[PDB]
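Chain by chain, the residues run as shown.
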Amino acid sequence: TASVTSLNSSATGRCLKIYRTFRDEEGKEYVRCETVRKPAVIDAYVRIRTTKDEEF
Amino acid sequence: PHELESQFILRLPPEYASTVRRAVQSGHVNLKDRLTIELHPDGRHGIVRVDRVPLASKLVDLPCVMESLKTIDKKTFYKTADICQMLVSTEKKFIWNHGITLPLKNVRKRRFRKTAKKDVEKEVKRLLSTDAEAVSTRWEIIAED
């Protein structure tokens, strides 16, 4: 591919990790920790979260 | 009502392209039986059958935008359709990097900046849906781990 400058995982070099708590059928409380290795999707998610916080 | 016609380009192997070209310029309906096109429910896969010989096809996205232009006097040209897809016969795989003309080769890589990027939006929507279907959400921008 034509040589291009490769950007770091953002200016901060920081990935995004999300912990999710859900209830399974019958009775259960499993927690899911999911790490976003992509800055694009992670940046979009952070922007959406900031917009939701402001929306109050 | 009127529905805009959908034109695409069909690229064939060169011997099969010569037989299809001879049968098109002949003009009989014999070509109609000889040349068929079956598009699979993937949407990006097909068979083109030349003289009942199956060829494997992929519908790819072209990097530039072409436009068919018809004329009656060869001085004023009327745009008829937009072409952006090609059914080459023999996702990232369904994107064609080169253009149809000879000067346009490696256009996507060299004569075009990769501004197409920013899929990611769909992933963000899925994450939002999972958070909504959850109870407690914990987030931290992280470091190397």
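Residues numbered from 1 in each chain as written, not as in the entry; some residues may be left out. Chains lettered and ligands numbered in written order. Part of a larger assembly, values for the part shown. Heavy atoms only, no water.

- Its PDB record attributes the structure to cryo-EM, giving the resolution as 7.4 Å.

- Looking up chain B in the PDB entry gives the name Transcription initiation factor TFIID subunit 7, with the organism given as Homo sapiens.
- According to the record, the entry carries the title "TFIID-based core PIC on PUMA promoter".

- Under the annotation held in the PDB entry, chain A carries the name Transcription initiation factor TFIID subunit 1 and is attributed to Homo sapiens.

## Comments concerning the packing of aromatic side chains
Argument step 1. Scanning all chains against the criterion turns up 1 aromatic pair over all chains.
Argument step 2. With a centroid separation of 5.9 Å and 65 degrees between ring planes, the pair formed by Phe 22 of chain A and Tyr 30 of chain A is classed as edge-to-face.
Argument step 3. Take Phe 22 of chain A: its relative accessible area is 24%, and that puts it in the partly exposed class.
Argument step 4. Its relative accessible area of 46% is what places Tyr 30 of chain A among the partly exposed residues.
Argument step 5. Between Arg 49 of chain A and the ring centre of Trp 139 of chain B, over which it is positioned, the NZ or CZ distance is 3.6 Å. (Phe/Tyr/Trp six-rings, centres within 6.5 Å; stacked < 30°, edge-to-face > 60°. Buried < 20%, exposed > 50% of the residue type's maximum accessible area, 1.4 Å probe, protein only. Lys NZ or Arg CZ within 6 Å of the ring centre and 35° of its normal.)

## Thoughts on the packing of helix α1 (residues 39–54) of chain A against helix α4 (residues 120–132) of chain B
Argument step 1. Orientation of α1 of chain A relative to α4 of chain B, taken along the N-to-C sense of each, is 50 degrees, at an axis distance of 9 Å. Taken together, the axes of α1 of chain A and α4 of chain B lie oblique to each other. Relative to α4 of chain B, the crossing made by α1 of chain A is right-handed. Contacts between α1 of chain A and α4 of chain B involve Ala 40, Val 41, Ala 44, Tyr 45 and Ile 48 of chain A from the former and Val 120, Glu 123, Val 124, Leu 127, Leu 128 and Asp 131 of chain B from the latter.
Argument step 2. In the contact of α1 of chain A with α4 of chain B, the residues fall into 9 nonpolar, no polar and 2 charged. (Axes fitted to C-alpha atoms, helices over the stretch in contact; angles between N-to-C directions. Helix = DSSP H or I, 4+ residues; strand = E, 2+ residues; numbered from the N terminus. Parallel < 35°, antiparallel > 145°, perpendicular 65-115°, else oblique. Left-handed = near helix turned anticlockwise from the far one by under 90°. Contact = heavy atoms within 4.5 Å. Nonpolar A, V, L, I, M, F, W, Y, C, P; charged D, E, K, R; others polar.)

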